[PDB]
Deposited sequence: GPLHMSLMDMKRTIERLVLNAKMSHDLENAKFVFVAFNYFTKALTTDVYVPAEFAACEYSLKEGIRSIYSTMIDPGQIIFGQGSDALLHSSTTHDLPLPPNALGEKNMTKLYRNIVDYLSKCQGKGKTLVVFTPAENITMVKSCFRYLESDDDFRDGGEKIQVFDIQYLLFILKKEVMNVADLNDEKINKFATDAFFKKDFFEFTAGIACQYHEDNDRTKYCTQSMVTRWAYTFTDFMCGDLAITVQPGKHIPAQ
């Protein structure tokens, strides 16, 4: 449930704080683009994926990024956002089974094997991201990746950072942290999109750019409370 997700995020962050390793807690951010959504069913057809692993101390530690060719409204959503070419001329990995395995391999290298995997994405994108993972599938069907709210993470993380920094502020609430996240202050950073999206100037809607911007947003919102040396590329734009 969403209530459950929220309590779980709070517990994750508090585990880190209590171990005195909040700055080293690692979080994986994910972003999907989709070509279109089935009219009657919860089926989003994936077009692009990125993931990154982030900690306050190290900033971006790794990034995984790929265009997706699923083979096949589609025109409108796609043309106004990512504008990736539609099937049968779509770019990217066309082996969906291989893609999913490669994504899980990446998440497992980050989080460990034999564990439920946890990733974060904007609240308004959770349904879509789960649907895209399902499209890519399964032993997973019969039975894996929990998709949590990155904005709730930002909120809880900011409050616990401020507690640690002896900076508690009753006036900082989730309206404020949501506002900061949605400002997208690093939208116009050069060189963080994939090559296609640099070519077609739709970097705003590039998954690789998006997970990088979210990382820079976390750093800008919190690393100042913590006396962490920010690193070019990793914490802030190169």
Could you give the ranges of the deposited sequence that carry no C-alpha coordinates? 1-5, 78-84, 150-151, 158-159, 255
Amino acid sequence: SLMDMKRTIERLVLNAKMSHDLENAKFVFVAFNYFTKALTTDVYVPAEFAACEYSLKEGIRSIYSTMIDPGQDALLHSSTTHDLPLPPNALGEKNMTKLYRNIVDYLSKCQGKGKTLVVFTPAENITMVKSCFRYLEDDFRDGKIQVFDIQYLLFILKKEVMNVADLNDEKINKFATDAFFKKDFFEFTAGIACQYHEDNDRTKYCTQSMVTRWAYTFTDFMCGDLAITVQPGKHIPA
From here on, numbers count along this sequence of modelled residues.
Mean C-alpha B factor from the entry: is it higher for 74-82 or for 124-132? 74-82
Comparing mean C-alpha B factor in the record for 197-205 and 61-69, the higher one is 197-205
Could you tell me which one of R213, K171, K182, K26 shows the highest CA temperature factor in the PDB record? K171
Among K158, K115, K94, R101, where is the Cα temperature factor highest, going by the PDB entry? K115
Consider only the C-alpha atoms of the modelled residues in this chain, order them by B-factor as the entry records it, and name the third containing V43: lowest, middle or highest. highest
In terms of the CA temperature factor given in the entry, to which third of its chain does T217 belong: lowest, middle or highest? lowest
For the chain shown, is the CA B-factor of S108 in the lowest, middle or highest third of its modelled residues? middle
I9 CA temperature factor, ranked by third within the chain: lowest
So where's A190 on the chain's Cα temperature factor ranking, which third? highest
